[PDB]
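Residue numbers (the entry's author numbering), protein chains in the order written: chain K, 1 to 52, 52A, 53 to 82, 82A to 82C, 83 to 100, 100A to 100I, 101 to 128, 135 to 213; chain J, 1 to 52, 52A, 53 to 82, 82A to 82C, 83 to 100, 100A to 100I, 101 to 128, 133 to 215; chain P, 1 to 212; chain Q, 1 to 211; chain A, 65 to 98, 138 to 442; chain C, 65 to 98, 137 to 253.
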């Protein structure tokens, strides 16, 4: 019932250091075991470490000791994770996951993750952040319509139909990496052909990493 | 699975005394805590008292002690409640409610009500008992028509009504009684029905005003 | 006596909503608190006993919590047939007492009323009185208005209206209005109409009739 | 480290079947094993903790069993919303380690794709690029083939396709193909078509347009 | 009155049997509720029995019940002569009357929720354990068990005794010894109340000098085998200063030692003049007649002291003191010696 | 460290009191830790045990005991004085509480869906409490040797 809010996705230069934050709402950081999990594309999750604020003890997975720093700011109920010396291996979705710590004994260890953050995709590359262009996919002679979101970096881009009002029938395809290096992705929705003139369909494209929010109107 | 059957609704004169009975079917009175709860219109329920025949103990609510007598006739499995010196404040639906008393220690008290009677509406008033008149509300000329019957000029509440001996229930609306300016209660019962069955189907409203010994079966259909 | 404070007094929630009802006691009653459901005109039915135990046959969406002086009743997915008044009741000491009650109503999409008018019967006219009935069937919300119109003159304050409780299966209301007059005045005019306004009709719907 | 072995890596089962997944530990972990569900792009969700305890709000069809070194996760009636990757996880000692994962997919009846073609937008052509999109919507099975046809010449290797994961409510797939060409080469030809073959169509369906 | 539930199903048989174990323990209690030789004899529980006897008078228990209705701790005026602290620890009445039996009665002994019955058996546990102990000791138990009086109850009861904080602190720091010098007297179960009298020690004399005297037989060591004479001090035991005199405990195991504190019971003691200490320094002193025994029983033996060992070595016996890391270090000659 | 169960239910009250009884036994025991015949020589029955107790109280001595019984349940430990003693880990309640019970409790804010957990805990907790009770009534020295002391 507590919501874990991680920082937004971003692109960091190789070798630099990145910090991911995780904000708890509805409880104190002391009331939980705070873990940090990452998942590279096409890999499983890997335990990096965890913090136990009630005991003031941190434990690290061997692979990450000495270049990962996890902190818990209880004055603000904000947890942090600092990873230094970025390389190709670190491109991954980073998760903030908790284990509830009501009855805590000494020598308590992390065991599981019952509450997760939304995940933070850290992309390590030198390619500059770039916002996408959106192009209509008009319906014509059940009909289908959509919009084309082209040329963005890095991932991800999100899309909602009618600010989330139209949800039945939406299909957002996984992004494909183009030869240019930039990503592209599509979102199509099927709808009765009789509503092509009476209903308005707008796709809300947001790329927060570049702070570019663009809403392109589409109609037959 | 045990049903509690109370005595019928009635009108009693102010200052007189009323006796309400409550019949248990399927078990013995000794095996229960028998409670009496009343509910005035627009109020919550109020617990009047309870008797525990297996222990031989009677308990009265402080407001009602000294003018309420509750007895348990184990020869007929009937519980009773007698309230004396009736006045206007007593106009309320009176409920007979039980709690199972299978395994009881001494000083056992009533705690809850899991099995209820149907309720007895006691109306304290000077007016005489009077049966209602029933008048059709014939339909005429989209694809659904409405008809009903009007139950007018009775005293006291309640009047009951069923359609087709209780067969027609989806779509019936029996409105709460309204006290007219002339006095006495009046009530309406309407039901919507497909327009194609207006000639092929029979619709009867079975109106009962038990206080007045009035049983009426009114047929409704268009005229000519 | 121990006073039970039930809050809120009324609530409106959609079908599928999570609804919570609270009961407070005037002194510590441990967990000796029960919950009842009363549909309009029916006897109450026991739902929860000892604050948290589910009665057999009660849908799993009902649950109770609390201890000491504050208790709660929660419906995990509110359903149309839950429209009723709920009462908490203590048994720590005598007399057994109830809360003020909480009436639960369903909020649903607005529905237009079907408007039907009935003239007084030929059977009733023999008795010397005429009642003209107007009907609003299966509508929402609660608030509506009906002004009678005989010929074209609006009649004011010579009628009485009665409203059913919210229907247990689709959460709509129905309303019957009865216009009572003497036999002499009924045969004084010819065309009778009842005019109805509501949020479900674009224009007010009027039904009238000709004697015959 | 403790290595977790999840078997099989993938399976296909019909709706309503009873599905079992296995996790093996490299040493005795008593019952200190958890199970997680990960739908595509979403965070993992705790299903079973301490080998057998059901998490609140998790459908009653989930159960966990085992002790020592071998554990199981059981779905008594596989449902469409269960399409996801599942992971086991031990916590006997640090570091916490996970299984390799088991991808569970629903096998249903064969569904034909709805074929729609979209021309490139007028706004995009000015910037110097043109994308022509062809769509196969709500089809089964996974395997389909799209060969482009410009005028009448089959196009090879000038397109890129992306397929959605199995849909969470009806267990079908969707596939989008994008044909990228230059504005100069796009206006070089006239009639564009995408032809689609699949096991659900007796003959391949073609939808075309004139520039 | 009786659990009128029928005993067959697996759910009913556990709660019904659990109820019977409670009702039988209750019924059981009603059945039940109807040197050194120079020492003086006492009545260990004369104080406790006196209090219990008051509760048997007609209508006397009612005063107790009415006072413990609002709080769990009250001072009650008994009709006879003594004011006693009374304590309601477990309230089984309101659990059975308002939480368990309603749950049970509503579903005709089908307890669908197993959680209620487990809570009952734990709530019922202490009564059966107290009943069980009283059932094995003829209504008088010692030492005072943890079912009789928990540490939480004991420390709180310690705080209310009419003693100085120094005396209070001693008892709370050594609660284990307190238990061993206490009694529990079961006596009355009537008018829906069960009560027993707990008798705790009161340590009125604290921090006075106290010493232990060890003695061992002393015989001559002459060459003739059967011709020998022996002598033994008989005044062995503990001696504590008390009220200008010495409280003497002849019996060795009547006292329990914790560090430097000797917990003893004055009831098994004699009161001696302060001149007793002279027997250690001058056995022939003309101010106190030192107690001795005589014999010709020439037997070798040894006495372990607090900080060493006394060895009475006689005849042809081999007497030796050894170290764990070194073996024998000293061989004792005939006579009485110490190391 | 602390029982912070805020939600009250018959199940929560059951584990909390069961947890409190364990939390009480540890503290309770911790409090405890701070014709013829007349010619028969007197002895000190537990002088041997008292001597062994005294060595275990030495600084850094318990760690020697703990670390030897960390991997196995039977070890010979050399105390600082010179004496080798047989050591035996009979109950490991630590690994039970930390990895099976405490995680189960924390998940739903003390609402245990399977009553089996409390029954297992009270059974797992029984041997500790019974040993404590014998010591609690016998001043830390029991005789004869009970079956709870040593099966």
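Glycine residues also receive a C-beta, built at the ideal position from the N, C-alpha and C atoms.
Spatial neighbours of residue 94 of chain J within its chain, please: CB distance less than 6 Å, with the 5 preceding and 5 following residues excluded, ordered by chain position.
-> Same-chain partners within the cutoff: 32, 34 and 102.
First through last residue of the alpha helix (DSSP H) which encompasses residue 184 of chain Q = 183-186
C-alpha distance - residue 111 of chain P paired with residue 174 of chain P, whole-angstrom precision | 11 Å
Assuming residue 136 of chain K and residue 179 of chain K form a contact by the criterion Cβ under 8 Å, report the distance between their Cβ atoms to the nearest whole angstrom.
-> Not really, about 16 Å apart at Cβ, beyond 8 Å.
Delimiting residues of the alpha helix (DSSP H) encompassing residue 170 of chain A | For residue 170 of chain A, the enclosing alpha helix (DSSP H) begins and ends at 163-170.
Stretch-stretch touch, CB-based, cutoff 8 Å, three pairs: the segment 111-124 of chain J with the segment 123-143 of chain P = yes
If we count the other Cβ atoms within 10 Å of its Cβ and call it buried at 16 or more, is residue 147 of chain J buried or exposed?
-> buried
In chain order, which continuous runs of the beta strand (DSSP E) of length 3 or greater are located wholly inside the segment 77-156 of chain Q?
-> For the segment 77-156 of chain Q, the full-length beta strand (DSSP E) segments reaching 3 residues or more read 84-90, 102-107, 114-118, 130-139, 145-150 and 153-155 along the chain.
Relative to the alpha-carbon of residue 62 of chain Q, which residue among Q:68, Q:46 and Q:69 has its alpha-carbon at the smallest distance?
-> Q:46
Keeping to the same chain, check which residues put their C-beta closer than 6 Å to that of residue 145 of chain Q; ignore five residues upstream and five downstream.
-> 197
Count the other CB atoms, across all protein chains shown, that sit within 10 Å of the CB of residue 8 of chain P; report buried if there are 16 or more and exposed otherwise.
-> By the 10 Å Cβ count, residue 8 of chain P comes out exposed.
Presumed contact (8 Å Cβ cut-off) between residue 300 of chain A and residue 143 of chain A, rounded CB distance | Residue 300 of chain A to residue 143 of chain A, Cβ: 24 Å. No contact.
Distance, Cα to Cα, residue 80 of chain K vs residue 196 of chain C?
-> One C-alpha to the other measures close to 30 Å.
Residue nearest to residue 153 of chain A in terms of C-alpha spacing, selected from A:290, A:204 and A:388 = Comparing Cα positions, the closest option is A:290.
Euclidean distance between Cα positions of residue 343 of chain A and residue 307 of chain A | 13 Å
Can at least three beta-carbon pairs, one atom from the segment 126-142 of chain Q and one from the segment 186-204 of chain Q, be found at a separation below 8 Å?
-> yes
Would you call the segment 324-331 of chain A and the segment 273-282 of chain A in contact, with 3 or more CB pairs under 8 Å?
-> no
Alpha carbon to alpha carbon, how far is residue 214 of chain C from residue 184 of chain C?
-> Distance between the alpha carbons of residue 214 of chain C and residue 184 of chain C: 50 Å.
Would you decide whether residue 38 of chain J is buried or exposed? Buried here means 16 or more other CB atoms lie within 10 Å of its CB.
-> buried
Return the Cβ separation of residue 418 of chain A and residue 403 of chain A in integer angstroms, given the expectation that the two are a contact with Cβ distance under 8 Å.
-> Yes, residue 418 of chain A and residue 403 of chain A are in contact; Cβ-Cβ is about 6 Å, under 8 Å.
Can you tell me where the beta strand (DSSP E) with residue 361 of chain A in it begins and where it stops?
-> 359-361
Distance CB(residue 414 of chain A)-CB(residue 379 of chain A) smaller than 9 Å = no
So what does residue 441 of chain A bridge to, in DSSP terms?
-> Checking the DSSP bridge columns, you'll see residue 441 of chain A partnered with A:413.
Taking a Cβ distance cut-off of 7 Å, strictly less, list which residues of the segment 65-96 of chain C are near chain P, in chain order.
-> 72 and 73
As assigned by DSSP and simplified to three states, the class of residue 20 of chain K = strand
In angstroms with no decimal places, state the Cα-to-Cα distance between residue 26 of chain Q and residue 1 of chain Q.
-> 9 Å
Run the CB neighbour count on residue 89 of chain C, radius 10 Å, all protein chains shown included, and call it buried at 16 or more, exposed below.
-> buried
Kindly indicate if chain K contains any beta-carbon less than 9 Å away from that of residue 185 of chain Q.
-> Not a single C-beta of chain K is nearer than 9 Å to the C-beta of residue 185 of chain Q.
Note the first and the last residue of the continuous beta strand (DSSP E) segment covering residue 110 of chain K.
-> 107-111
Please report the residue range of the beta strand (DSSP E) in which residue 49 of chain P lies.
-> 45-49
At least 3 beta-carbon pairs within less than 8 Å: the segment 36-50 of chain K vs the segment 85-99 of chain Q = yes
Taking the alpha-carbon positions, what's the residue 251 of chain A to residue 78 of chain A distance?
-> Here the alpha carbon of residue 251 of chain A sits roughly 26 Å from the alpha carbon of residue 78 of chain A.
Would a C-beta distance cut-off of 9 Å place residue 82C of chain J and residue 18 of chain J closer than the cut-off?
-> yes
In terms of residue numbering, what span does the alpha helix (DSSP H) encompassing residue 223 of chain A cover?
-> 217-239
Is the Cβ of residue 165 of chain C closer than 9 Å to any Cβ of chain K?
-> no
Let me know if residue 66 of chain P comes out buried or exposed under the rule of 16 or more other beta-carbons within 10 Å of its beta-carbon.
-> buried
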